[PDB]
Amino acid sequence: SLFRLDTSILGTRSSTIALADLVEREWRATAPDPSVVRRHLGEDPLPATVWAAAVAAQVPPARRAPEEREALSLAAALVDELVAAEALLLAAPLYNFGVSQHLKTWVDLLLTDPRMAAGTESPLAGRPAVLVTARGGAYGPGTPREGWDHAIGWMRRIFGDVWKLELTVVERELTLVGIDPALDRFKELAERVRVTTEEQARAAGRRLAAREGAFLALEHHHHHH
Amino acid sequence: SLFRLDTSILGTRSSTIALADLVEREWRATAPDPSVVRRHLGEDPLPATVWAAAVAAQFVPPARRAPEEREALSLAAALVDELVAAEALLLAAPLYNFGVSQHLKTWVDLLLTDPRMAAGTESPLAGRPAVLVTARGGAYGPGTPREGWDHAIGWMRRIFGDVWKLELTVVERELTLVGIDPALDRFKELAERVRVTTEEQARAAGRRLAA
Ligand SMILES: Cc1cc2nc3c(=O)[nH]c(=O)nc-3n(C[C@H](O)[C@H](O)[C@H](O)COP(=O)(O)OP(=O)(O)OC[C@H]3O[C@@H](n4cnc5c(N)ncnc54)[C@H](O)[C@@H]3O)c2cc1C
Ligand SMILES: Cc1cc2nc3c(=O)[nH]c(=O)nc-3n(C[C@H](O)[C@H](O)[C@H](O)COP(=O)(O)OP(=O)(O)OC[C@H]3O[C@@H](n4cnc5c(N)ncnc54)[C@H](O)[C@@H]3O)c2cc1C
C-alpha cells in the first residue's frame, strides 16, 4: 500500500493536495497494491501537548501517567502506519520560510517510539518516498530567496539521511503568481512551471508504482571481485 | 520591560532556561525597567488548530466570522501586543530532531497572521534589541559529522533578523549531552570550555540589553 501524508491548511484549493493527487492517481493505475492509507495533519493536526508527554515517558512503563501512556500509544500507531507502507507520499507546502508546524509535530512524536529512537536502524530504510512541496515565490540559486526555504533541507535530512528513504522531490514554485500583484512579471514562467511540475508528479507516481519490479530486476549488488 | 519566550519541554532540567536565566538576571539587576513578561510555550503550548483558523478567518467576511476564527485572530493580536510592548526580547529555543521547535514555529506562524506582521509591512520590531539562546546536545561545528545538521538556527536568524529586523545577538551552547550520552565522553574538556564561554556570552548579552 501507499501511505499519503498531507499538511496543507488551505483545504480544497491546496496546490500540494493537487500535485499529490497526480502522484496517487498513477500509483492507483499501475501499483501491484493500489491501496492508499492517508493522514491529513492540516485538517486533523496532532495535539500540541502529546510530544512533551511522550518525551517524559520515553521511564520504566507501568509508572507512566495517563497522558504519557496516551502519548506513546499514539506515537506507536503513527509508526505502525509508516512501517505498513511499501512507499510514502508526503505533501509539505512552504509556510513562513520554514517547516510545517504539523509535519514537525508528527516527526517529533514518531521519534519517541522505540523503533524510531536514536541509535536504531530505520524501519523504513531503502523504501521509496515522493515528497511534494510548493512555494509562493522562486527560491533557486541566483534568486533573492536562495537559502530562504529552511524546510526542504530538514525534510531531506529526516526522510533521506535519518530514515534512509529513496526520496524523489517534486517542487512547484510561483504558486502566488496571479495572487500577489508584485509577482506579475512571473506570469508566463509560472504557467510553464505548473505544466512541467504536474507532469513530474505523474512521472513520480509511475516510478513509485514500478519500484518493486525495478528492485527485483537489479543484479548488481556491489559484491567484491 | 523585557519579553522572555521559553520553548524547552525538559522543565527544571532545561539548559536553554538556565542560559536565558543568565541574561534575565542582568536585566532585573540593572535595567531601569527590570519588569519581565514571560511566555513558556514548552509548558503552555499554543493549540495545534489556532494557526489554520487565523489563516481561514482571513478569507471570511469579518461580520461572518465564526468564534474560533475571531478568537484565533484575537490571540494573534495579543501575541504581537506582547512583542510590541517590550523594549527588548529574550528568546530561548533548543535544537530538537535537527529542526525548529514545534512550539516556536506555531507561535511565529500565528504572529504572522496579524496585520502588523503582514508581508510588505515594515516590522513593528525593527531595530529592537533581542538575544537568542539555543542549545544542542552534540557538536555541529565546521568539519564535524553534524555540520549543516542544525536546520533550526538559520530559520530563527531569518525570522528574527531578516524579517523582523531585530538587532539580534545569538548565544549557542553545544555539547549539552556530554555527561549523559556515553558516545560523547571524548568531548568532556571541550564541553566545559563551551559552557564557560557561552555562560559569559549570555551574561555579556544581558549587560548589553540592560545598559
Ligand atoms: C501562512 C502562509 C505562509 C506562507 N509562507 C510562504 C513562504 O514563506 N514562502 C513562500 O514562497 N510561499 C509562502 N506561502 C505561499 C504558499 O507556499 C503557497 O500558497 C503554496 O502553494 C501552499 O501550498 P498549499 O498546498 O497549502 O496550497 P496553495 O498553493 O496555496 O493552493 C491555493 C491556491 O491559491 C493560492 N492561494 C490562495 N489563497 C492563499 C493563501 N492565503 N496563501 C497562499 N496561497 C494562497 C495558492 O498559492 C494556490 O495557487 C505561504 C502561504 C501561507 C498561507
Ligand atoms: C526530543 C529531543 C530531541 C533532540 N534532538 C536533538 C538533535 O537533533 N540534535 C542535538 O544536538 N540535540 C538534540 N537534543 C538534545 C537537546 O538539543 C539538548 O539536550 C538541549 O540542551 C535541549 O535544551 P533544553 O533547554 O530543552 O534543556 P537540556 O539541555 O536538555 O537540559 C537537560 C540536561 O540534561 C541533558 N538531557 C538529559 N536527558 C535529556 C533528554 N531526554 N533530551 C535532551 N537532553 C537531555 C541535556 O543535554 C542537558 O544537559 C534533543 C533532545 C530532545 C529531548
Side-chain angles (χ1 to χ4, degrees), chain A residues 6-20 42 51-52 54-56 58-59 91-98 100-101 107-109 111-112 117-118 132-139 143 145 148-151 154 157-158 162 171-180 183 190 194, chain B residues 6-20 42 51-52 54-56 58-59 92-99 101-102 108-110 112-113 118-119 133-140 146 149-152 155 158-159 163 173-181 184 191 195:
Chain A
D6 288 283
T7 56
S8 177
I9 59 151
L10 295 190
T12 51
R13 304 141 93 256
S14 168
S15 295
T16 61
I17 294 190
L19 283 166
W51 173 55
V55 166
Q58 215 181 353
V59 321
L94 184 57
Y95 291 130
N96 301 316
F97 309 114
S100 147
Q101 56 180 76
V107 172
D108 285 341
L109 191 57
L111 304 189
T112 65
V132 168
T133 190
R135 313 189 175 97
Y139 283 58
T143 71
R145 286 286 174 270
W148 287 55
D149 182 334
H150 298 272
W154 178 78
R157 191 72 75 191
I158 300 298
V162 180
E171 41 200 329
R172 186 174 160 212
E173 292 197 322
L174 295 181
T175 66
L176 281 178
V177 173
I179 303 218
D180 189 339
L183 294 170
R194 182 188 61 80
Chain B
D6 285 286
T7 58
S8 173
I9 57 152
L10 297 187
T12 60
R13 297 198 311 107
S14 165
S15 294
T16 61
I17 295 198
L19 258 189
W51 174 56
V55 174
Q58 296 176 320
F59 291 80
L95 179 62
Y96 291 135
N97 296 322
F98 307 118
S101 153
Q102 60 176 69
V108 169
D109 288 338
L110 192 55
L112 295 190
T113 66
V133 169
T134 189
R136 298 174 196 112
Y140 284 52
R146 284 294 178 266
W149 281 59
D150 178 334
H151 301 269
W155 183 79
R158 187 76 69 195
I159 305 289
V163 178
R173 195 188 152 203
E174 289 190 346
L175 287 176
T176 70
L177 281 178
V178 177
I180 295 111
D181 190 330
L184 298 167
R195 200 188 45 80

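All ligand and atom numbering here is 1-based and tracks the order in the structure. Heavy-atom basis, side chains included; hydrogens, waters and symmetry copies ignored. In what follows, chains carry the letters A, B, and so on, assigned in the order in which the sequence lines appear, proteins first and then strands, with residues in each chain numbered from 1.
Contact atoms of ligand 1 toward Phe59(B): 38 (N), 39 (C), 40 (C), 41 (N) (distance under 4.0 Å to a heavy atom of the residue). The ligand atoms of ligand 1 that sit less than 4.0 angstrom from a heavy atom of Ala134(A) are 17 (O), 20 (C), 21 (O). Set against the non-hydrogen atoms of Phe98(B), the atoms of ligand 2 under 4.0 Å away are 7 (C), 8 (O). Residue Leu176(A) has at least one heavy-atom neighbour below 4.0 Å for each of these atoms of ligand 1: 15 (C), 43 (C), 44 (N), 45 (C), 47 (O). Listed by atom number, the atoms of ligand 2 under 4.0 Å from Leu10(B) heavy atoms are 26 (O), 27 (O), 28 (P), 30 (O), 42 (N), 43 (C), 44 (N). Residue contact check: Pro94(B) has heavy atoms under 4.0 Å from atoms 22 (C), 23 (O), 24 (P), 25 (O), 26 (O) of ligand 2. Heavy-atom proximity to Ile179(A), at under 4.0 Å, picks out these atoms of ligand 1: 34 (O), 35 (C), 36 (N), 37 (C).
In this structure, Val55(A) and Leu10(B) have side chains that are in contact, with non-hydrogen atoms separated by less than 4.5 Å. At a threshold of 4.5 Å between non-hydrogen side-chain atoms, the residues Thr133(A) and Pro93(A) do not count as touching.
Taking distance alone, with nitrogen or oxygen atoms compared against 3.5 Å, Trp51(A) stays at or beyond that limit from ligand 2. For ligand 1, the polar-atom distance check against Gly137(A) finds a nitrogen or oxygen pair separated by under 3.5 Å. Ligand 2 has an N or O atom lying under 3.5 Å from an N or O atom of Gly137(B), backbone or side chain. Not one N or O of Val55(A) is nearer than 3.5 Å to an N or O of ligand 2, by distance alone. The shortest N or O to N or O distance between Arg136(B) and ligand 2 is not under 3.5 Å.
Side-chain polar atoms of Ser14(A) and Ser8(A) form a donor-acceptor pair below 3.5 angstrom.
A distance of 6.5 Å separates CG of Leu184(B) from CG of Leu177(B), quoted to the nearest 0.5 Å. Between the CZ atom of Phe98(B) and the CZ atom of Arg136(B) there is a distance of 12.0 Å, given to the nearest 0.5 Å. We find the CG-OG1 distance between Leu94(A) and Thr175(A) to be 9.0 Å, quoted to the nearest 0.5 Å. Taking CG of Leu174(A) as the reference point, atom CD1 of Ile179(A) lies at 12.0 Å (rounded to 0.5 Å). In this structure, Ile158(A) CD1 and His151(B) NE2 are separated by 7.5 Å, a value rounded to the nearest 0.5 Å.
Across all non-hydrogen atoms, the minimal contact from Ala92(B) to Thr7(B) is O-OG1, 2.7 Å.
The backbone N or O of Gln101(A) lies less than 3.5 Å from no partner atom in the side chain of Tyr95(A), so there is not a single donor-acceptor pair. Side-chain N or O atoms of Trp154(A) include none that pairs as donor or acceptor with a backbone N or O of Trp149(B) at under 3.5 Å. The backbone N or O of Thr113(B) sits less than 3.5 Å from a side-chain atom of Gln58(B), completing a donor-acceptor pair.
The protein heavy-atom contact nearest to atom 29 (O) of ligand 1 is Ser15(A) OG, 2.3 Å. Among protein heavy atoms, the minimum distance from atom 41 (N) of ligand 2 is reached at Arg13(B) NH2, 4.3 Å. Scanning all protein heavy atoms for the shortest distance to atom 5 (N) of ligand 1 gives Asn96(A) N, 2.8 Å. Nearest non-hydrogen protein atom to atom 51 (C) of ligand 2 is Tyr96(B) CD2, 3.8 Å. Of the protein's non-hydrogen atoms, the one nearest atom 50 (C) of ligand 1 is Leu94(A) O, 3.8 Å. Among all protein heavy atoms, the one lying closest to atom 9 (N) of ligand 1 is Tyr139(A) OH, 2.8 Å.
The shell of residues lying under 4.0 angstrom from ligand 1, judged by heavy atoms, excludes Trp148(A).
Counting only non-hydrogen atoms, the option in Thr16(B), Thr176(B), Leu184(B) that gets closest to atom 19 (O) of ligand 2 is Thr176(B).
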